[PDB]
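Student: got a sequence here, can you model it:
(5 chains, ligands or ions: 2)
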Amino acid sequence: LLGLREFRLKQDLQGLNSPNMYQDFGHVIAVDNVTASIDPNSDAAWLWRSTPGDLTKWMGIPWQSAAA
Amino acid sequence: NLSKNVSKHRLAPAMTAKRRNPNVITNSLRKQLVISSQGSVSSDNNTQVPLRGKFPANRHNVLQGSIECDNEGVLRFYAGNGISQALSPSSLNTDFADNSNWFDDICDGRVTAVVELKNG
Amino acid sequence: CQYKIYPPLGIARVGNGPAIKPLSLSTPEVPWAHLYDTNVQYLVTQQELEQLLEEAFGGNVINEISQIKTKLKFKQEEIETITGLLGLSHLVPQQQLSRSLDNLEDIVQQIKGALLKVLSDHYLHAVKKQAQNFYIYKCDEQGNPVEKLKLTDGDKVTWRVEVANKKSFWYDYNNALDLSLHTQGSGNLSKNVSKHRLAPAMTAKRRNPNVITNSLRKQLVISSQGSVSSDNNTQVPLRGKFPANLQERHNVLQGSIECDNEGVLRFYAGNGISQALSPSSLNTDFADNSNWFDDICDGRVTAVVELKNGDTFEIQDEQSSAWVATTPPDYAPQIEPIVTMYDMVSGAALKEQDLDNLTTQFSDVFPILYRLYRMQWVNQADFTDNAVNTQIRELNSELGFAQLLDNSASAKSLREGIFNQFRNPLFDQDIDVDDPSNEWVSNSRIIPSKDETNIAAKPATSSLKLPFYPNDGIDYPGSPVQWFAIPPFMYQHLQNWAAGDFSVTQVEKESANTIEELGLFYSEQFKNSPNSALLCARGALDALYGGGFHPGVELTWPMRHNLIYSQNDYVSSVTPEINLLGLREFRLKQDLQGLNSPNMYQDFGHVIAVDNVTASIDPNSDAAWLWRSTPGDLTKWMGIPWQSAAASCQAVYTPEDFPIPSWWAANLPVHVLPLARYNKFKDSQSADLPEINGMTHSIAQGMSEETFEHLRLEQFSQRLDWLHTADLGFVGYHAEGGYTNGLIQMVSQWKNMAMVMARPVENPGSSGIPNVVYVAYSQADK
Amino acid sequence: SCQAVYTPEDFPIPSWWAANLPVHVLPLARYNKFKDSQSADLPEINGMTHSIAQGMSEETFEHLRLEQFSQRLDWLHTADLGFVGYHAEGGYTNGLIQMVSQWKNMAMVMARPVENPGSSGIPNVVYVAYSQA
Amino acid sequence: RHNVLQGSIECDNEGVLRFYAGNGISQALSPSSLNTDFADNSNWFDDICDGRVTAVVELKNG
Ligand SMILES: [Mg+2]
Ligand SMILES: [Mg+2]
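Tutor: Numbering: from 1, shown residues only, chains lettered A, B, ... in the order given. Ligands and ions are numbered 1, 2, ... in the order given. Dropping the coordinates below:
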């Protein structure tokens, strides 16, 4: 039945007090930034180590417009 | 989840994306665009605690959720009331994803706990 | 190398005037030749049509008529005869001439007035075409042009032109892709823009994306070609189809070509007709509108010279061939852009790291100040909100302009005070750095997005630098690249000027008591410079804009890269002692197969991105075709249709009222001085007219002299939004107006927009009004 | 909606009720660029440095004053009624919408003095439109 | 100036008139003038029409 898995998100252990809470990539985001984020030692790797707000920030603002 | 042919053969190229609310400049001032809240609940008291932030942050109160713990130690998390709003009534949300001047009460974050047994 | 075509890049502008010499204009062949010419007529005049119609008479026409006055309301073959005799079918469709003589009943005057009416309805006040003349020049044992080809009996020249439009085939214009292109820096663009991510290049999707497969997208390309020779001066149309070949099809006149018996080619652009395939497809975007085509084009100009002794010379290689591009009209031909397309050519040859070796004369700096000064006629901020232009007026008022030519310590604070107001194209001033990941955020005035956020703006701590125009990075609030800077090499000239490291001749000093005296002097230096081939090359481009590029007016950012030229060499000063930014030999890179190139229909798939530009830098790379132009490649980047981009090329308002930022005001004016106002300050109090400056003779002369002169200046000072010089959707009760209706209405109203022309004020007295003013003519008037 | 109604002809521009809802006004920014005389002992005179303002001829100084005085601004542009920013639509309808909040920021006309008009042709009392400032 | 085909008429040898309406072509004088109202759109025309039908009968005896 497609199986059972043990999985867990990467987390920034400082949460709301993480120094990466308010990181971005400047005027635009592009696949170049995601490419760089693959390297765990890059200055972009923080993209995958979630602080609060990181999972839902991509979605439509407000969600109602996106749903319609 | 995703074949290598999509990128390899340029089947749907990733687009660049600009900032939402681009008129807010400098990282320090853009921190105001983030809504955040926190709370704690324990086994000894099942009173519900709201997770209430502000937008812009430090003006509207945003109920991002509510938390409850029962005497058994299970945590119950309620999301918000489904209120989305613009800072001005005339700012209408005409794009499917990217509407400046808008906030909603969606959120995500970190769940931790500490277990305190009677033996110390 | 034996014979060469000049100019290397010719420019012809669309207009609804006819493609005939007496009623058209010529692209400048000498820079600054007509800046103060108060007799210019850029719109077709009643007097020109009347002369054309007189010219078409007799010919025997008078008594070919009078012969049937006796033999009688006319017949067909009666009239079919008396048309045709006037060679006017090439200006007006044959039928309408017939319908005009039908409603008739001294008869060679009912005949004239009836024909004048139809000519007038078609052409009166029409935007004259700006045609480009191309010349063949005999060369040297060094490819130096010496003199124009002079044909003798038996000699023949044949011109060939092949042009295309690929706007509807190409990609969206979101911003300049080179803003993210890794570079060491050039004379046109600092490495800071890309290095510090000041205005990232965006991806761009395809125009008309529902047309899929390369084979079917070929229909989106409009192309045509033709040939003319010195043995036959008949004009040849360059006519294509959109979509190209139960498909409904439209003829597109991309241009017209003529060759005279001396061998000079004259190229006319189209009539300014843009259209969608369905009437309901409205052009609501500044640059990317599907289902639309326009009659802009560009392409390859070649020739072959046949001498009487059998010798044949093919002008086909990229070193000796030429190119042509058509463009929107120039609505203020005597007002030059502050940074021109010729400046881009010059800058493209220079490396940012080597600008320390640049040598500066005052004649290299004067064009910046002179052009900015003259923007007052097309832009309010440069008339009433520009501290440099006001200081020039101070100096002019005490005959003290020559101080700016002084390179000594005593004038250093004067020079420096002007220089310090100009924006630095390093884009590294007036910024605060987040994370010294570093982002440069401007602490000067930003240009906000329309997408508002009701959060207090950060107060600006630094003054807004000059000039007050938007730029390539306008999409990014807080980027220093939101605002236009003169390019690195021109800023270097101005920095050398401020420092005192510049030379100037005493003769220049003696003609420099006012800015106009010196401008007149420099104009004479161009006029008398003996290199007519290179002056013609520069004049073709000095009237075109050279920034910002969003996308621009005529051409866009690829032109600022040396990659696009197969040759780009300094040759000489304009005058032995006076550089005036110099004369250069340059040629475009060309695909020698033209319309038949296998790269004619190349693209990069679903999007274009700076990565494709990165890959194109290597000339052995698969992507290098991007720089080896085939017909249509220069203009395909531009807005489709051009009229929407022109309507979007105006003001960008900030929350602060003044200065009003303006995109490209020298060629698409933003604030103009209407004819209505000229007619209210033209006259002096002593004028022998029943109406003086819009007042009765009696009222004009009854008032004090001081009051009369004050009223003149008040009228002179009333500047009108250029968008209001025709009905762009704001006319009438509860008219919506607004940006989008401007885009839509410009498709038909472009030909009715105000055209700026120098005009005289015979006796300004003490009014403060110069003897030459630049006046905007449109039918909205008055 | 109580402003100009443009005709195909440019001038005169028709205006509805301009005495109470002005249509073209003389902004403070312009007042600050003509109110001073050339003898003013200030580092900035009519928006020019002291040195520039006193270096120019008296005739040119007065001409600059009158040019500024003659710059009249659409009253609808004295606050953000939907025309501000890159690609702002502007237009009639956004004006109607934005005035609900922006009425309180529109320019207010007040009589103000010109102490020394000299020969400029500017009257000793002018009526100046203040907005946000 | 636009040509408007309002209809077409035919008569057969038995004397019956056949009347065809237009092709269904509606248009404005400018392509930017869009017909956003259910009933009242300035600058528009259509090929609908209505009018008067008469005849004369001519017998061989005069
Ligand atoms: Mg111009
Ligand atoms: Mg009142």
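Student: say whether chain C is contacted by stretch A:60-68.
Tutor: No. Using CB under 8 Å from any CB of the partner chain, stretch A:60-68 stays clear of chain C, with a minimum separation of 11.8 Å. Placement of C-beta: from N, CA and C, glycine included.
Student: part of a helix, is residue A:64?
Tutor: Yes. According to DSSP: H, G, I helix; E, B strand; the rest coil, residue A:64 belongs to a helix.
Student: contacting residues for it?
Tutor: Contacts of residue A:64 were listed using CB atoms under 8 Å, 6 or more residues apart in numbering or on different chains, and they are B:84, B:93, B:104.
Student: where's the last one relative to chain E, distance?
Tutor: In this structure, residue B:104 and chain E are separated by 33 Å, where distance is defined by CB to the nearest CB, to the nearest Å.
Student: likewise for the second one?
Tutor: Counting by CB to the nearest CB, the separation of residue B:93 from chain E is 24 Å.
Student: can you pull the phi/psi pair for that residue?
Tutor: As for residue B:93, its main-chain torsions (degrees, to the nearest 10) stand at phi -90, psi 80.
Student: mind listing what's buried in stretch A:43-63?
Tutor: A:44, A:46-47, A:49-54, A:60-63 (16 or more other CB atoms under 10 Å in any protein chain shown).
Student: what about the residue of chain A found nearest ligand 1, neighbour count?
Tutor: Closest contact between chain A and ligand 1, by CB to the ion, is at residue A:27 (32.1 Å). By other CB atoms under 10 Å in any protein chain shown, 22 other residues sit near residue A:27.
Student: same deal with residue A:25?
Tutor: Using other CB under 10 Å: residue A:25 sits among 21 other residues.
Student: ok, back up a step: between the contacts of residue A:64, which sits nearest chain C?
Tutor: Taking CB to the nearest CB as the measure, chain C lies nearest residue B:93 of the contacts of residue A:64, at 11.3 Å.
Student: in chain A, what residue is nearest ligand 2?
Tutor: With CB to the ion, the shortest gap between chain A and ligand 2 falls at residue A:62, namely 42.9 Å.
Student: which positions in chain A make contact with ligand 2?
Tutor: Proximity of chain A to ligand 2 (CB under 5 Å from the ion) involves no residue at all.
Student: which residues of chain A lie near chain C?
Tutor: Within chain A, the positions near chain C by CB under 8 Å from any CB are A:23, A:26-28, A:30, A:43.
Student: redo that, cut-off 7 Å
Tutor: A:26-28, A:43 (CB under 7 Å from any CB of the partner chain).
Student: my guess is residue A:49 contacts residue A:9. True?
Tutor: No. Using CB atoms under 7 Å, residue A:49 makes no contact with residue A:9, being 9.0 Å away.
Student: what sits in contact with each of those two?
Tutor: Counting by CB atoms under 7 Å, 6 or more residues apart in numbering or on different chains, residue A:49 and residue A:9 have no contacts in common.
Student: okay, residue A:39 and chain B: tell me how far apart.
Tutor: For residue A:39 relative to chain B (CB to the nearest CB), the value is 17 Å.
Student: mind listing what that residue touches?
Tutor: Residues residue A:45 are the ones in contact with residue A:39 under the rule CB under 7 Å, 6+ apart.
Student: what do you get for residue A:52?
Tutor: By CB under 7 Å, 6+ apart, the contact list for residue A:52 reads A:15-16, B:36, B:108-110.
Student: picking that back up, not counting sequence-adjacent ones, nearest residue to the residue of chain A closest to ligand 2?
Tutor: Excluding the flanking residues, the one nearest residue A:62 by CB to CB, 6 or more residues apart in numbering or on different chains is residue B:84, at 3.3 Å.
Student: tell me the bridge partners for residue A:61.
Tutor: Assessed by DSSP bridges, residue A:61 has beta-bridge partners residue B:98.
Student: list the contacts of it.
Tutor: Residue A:61 is in contact with B:20, B:98-99, B:102, B:104, counting by CB under 7 Å, 6+ apart.
Student: now with 10 Å, please.
Tutor: Residue A:61 sits next to B:20-21, B:84, B:93, B:95, B:97-104, B:106 when contact means CB atoms under 10 Å, 6 or more residues apart in numbering or on different chains.
Student: neighbours of residue A:37, how many?
Tutor: There are 17 residues near residue A:37, going by other CB under 10 Å.
Student: and residue A:6, by the same measure?
Tutor: A count of neighbours around residue A:6, defined by other CB under 10 Å, yields 4.
Student: and for residue A:36?
Tutor: Residue A:36 has 14 nearby residues by other CB under 10 Å.
Student: hmm, residue A:44 and it touching each other?
Tutor: Yes. Counting by CB atoms under 10 Å, residue A:44 is a contact partner of residue A:36 at 4.2 Å.
Student: what about stretch A:38-56, start to end distance?
Tutor: Using CA to CA, to the nearest Å, one end of stretch A:38-56 lies 20 Å from the other.
Student: circling back to that earlier point, overlap of the contact sets of residue A:36 and residue A:44?
Tutor: Residues touching both residue A:36 and residue A:44 by CB under 10 Å, 6+ apart: residue A:25.
Student: how about chain A: which residue is closest to chain D?
Tutor: residue A:27 (13.8 Å).
Student: contacting residues for that residue?
Tutor: Residue A:27 neighbours (CB under 10 Å, 6+ apart): B:16, B:18-19, B:22, C:197-200, C:202, C:439, C:473, C:475-479, C:481.
Student: cool, and residue A:46?
Tutor: Neighbours of residue A:46 in contact, by CB under 10 Å, 6+ apart: A:10, A:12, A:18-21, A:23, A:37, A:54.
Student: just the buried ones from these?
Tutor: A:12, A:18, A:21, A:23, A:37, A:54.
Student: burial measure for residue A:65, as a count.
Tutor: When neighbours are counted by other CB under 10 Å, residue A:65 registers 19.
Student: for residue A:17, same thing?
Tutor: Number of residues near residue A:17 (other CB under 10 Å) recorded here: 9.
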